[PDB]
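Below sits a lone chain in C-alpha cells, taken as the form solved without the named molecule.
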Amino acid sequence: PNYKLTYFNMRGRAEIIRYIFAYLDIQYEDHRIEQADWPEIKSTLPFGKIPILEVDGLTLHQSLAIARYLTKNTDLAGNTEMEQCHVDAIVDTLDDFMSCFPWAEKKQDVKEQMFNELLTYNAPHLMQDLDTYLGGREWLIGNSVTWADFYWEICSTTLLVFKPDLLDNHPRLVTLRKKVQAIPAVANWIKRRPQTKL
C-alpha cells in the first residue's frame, strides 16, 4: 500500500501516526509542509484540516481515526475488544487534556498565563489519575504495548517542554516513557526524526 502523510514540520497531531508506521515497519512518505503552502493544500481538503493520510490515492483525515485504522488487527490495538475500549478511552482522555491548551493564542501574556495555570492545576491532577490507573503494571492497557502507551509518551514529551518537572513525583510515568522510547523501532524513529519544539 502506498501511504503518504501530510502535516506541518512538527510532531504535533501527526507524531502518533509516525510512531505507528515506524513500529509496524510500514513505509510511507512523511510529507511536511510550511505555512506558505497551506492555503493551496487546505482548499482541496473536505474538512480543511491536517493531518491527512492518502492511501493508494484515497484521502483519510482525523489523526486518531487514522492511528486506529493503522493499528487495526495488530497487537498495538489492544488484545480484546474490551482492551481496545480502554486504549481508545486513554487516548481520548489525553487528547481532551491536550486540547485545553491555547496553542494558537496570539496574545503571548495570555498564552503564558493559561499554560501556567493548566500546568499548575489540571496537569498534576491528570498525572495522578494516569499514575494510579497504570499502578505498578508494565503498560497502560493489558500486558503488551498499545498505541495508548505511544500517545502517552507523545503527549508527555510536549508537556515536558513547558513544565520539565511535571513528572518529578511520578517515577512510574517516567518509566513508562522510557519503556516506550526503548522499543527499537521507536528509538530509531526518535533518533532520525526532524528536531522541532512541538
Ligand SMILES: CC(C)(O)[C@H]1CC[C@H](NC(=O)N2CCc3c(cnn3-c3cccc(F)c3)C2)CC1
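Under this definition, the rigid core comprises the largest set of C-alpha atoms superposing within 1.5 Å between the forms. Heads up: residue numbers just count along the shown sequence, starting at 1.
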query	finding
Greater Cα displacement in 7 other deposited structures of this protein once the core is superposed, comparing 42-50 with 169-177	42-50
Core-aligned Cα RMS comparison in 7 other deposited structures of this protein - stretch that moves more, 108-116 or 91-99	108-116
Average Cα temperature factor in the PDB entry - higher stretch of 62-70, 43-51	43-51
Average Cα temperature factor in the PDB entry - higher stretch of 30-38, 164-172	30-38
Top residue by Cα temperature factor, when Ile183, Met10, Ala22, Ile16 are compared in the entry	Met10
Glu105 CA temperature factor, ranked by third within the chain	middle
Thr158 CA temperature factor, ranked by third within the chain	middle
Among modelled residues of the same chain, the CA temperature factor third for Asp75	highest
Lowest, middle or highest third - CA B-factor, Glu138	middle
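The same protein also exists as the form deposited with the named molecule bound; that form is not shown, yet it is the one meant from here on.
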property: Triple contact flag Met98, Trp103 and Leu198 to the named molecule in the deposited bound form, non-hydrogen atom at 4.5 angstroms; result: yes
property: Distance check, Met10 to the named molecule in the deposited bound form, heavy atom within 4.5 Å; result: yes
property: 4.5 Å heavy atom contact, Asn169 and the named molecule in the deposited bound form; result: no
property: Proximity of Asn143 to the named molecule in the deposited bound form, heavy atoms at 4.5 Å; result: no
property: Residue contact check: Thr158 to the named molecule in the deposited bound form, 4.5 Å heavy atom; result: yes
property: Listed residue that, although the named molecule is not shown, lies within 4.5 Å of it in the deposited bound form (heavy atoms), from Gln27, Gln35, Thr44, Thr132; result: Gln35
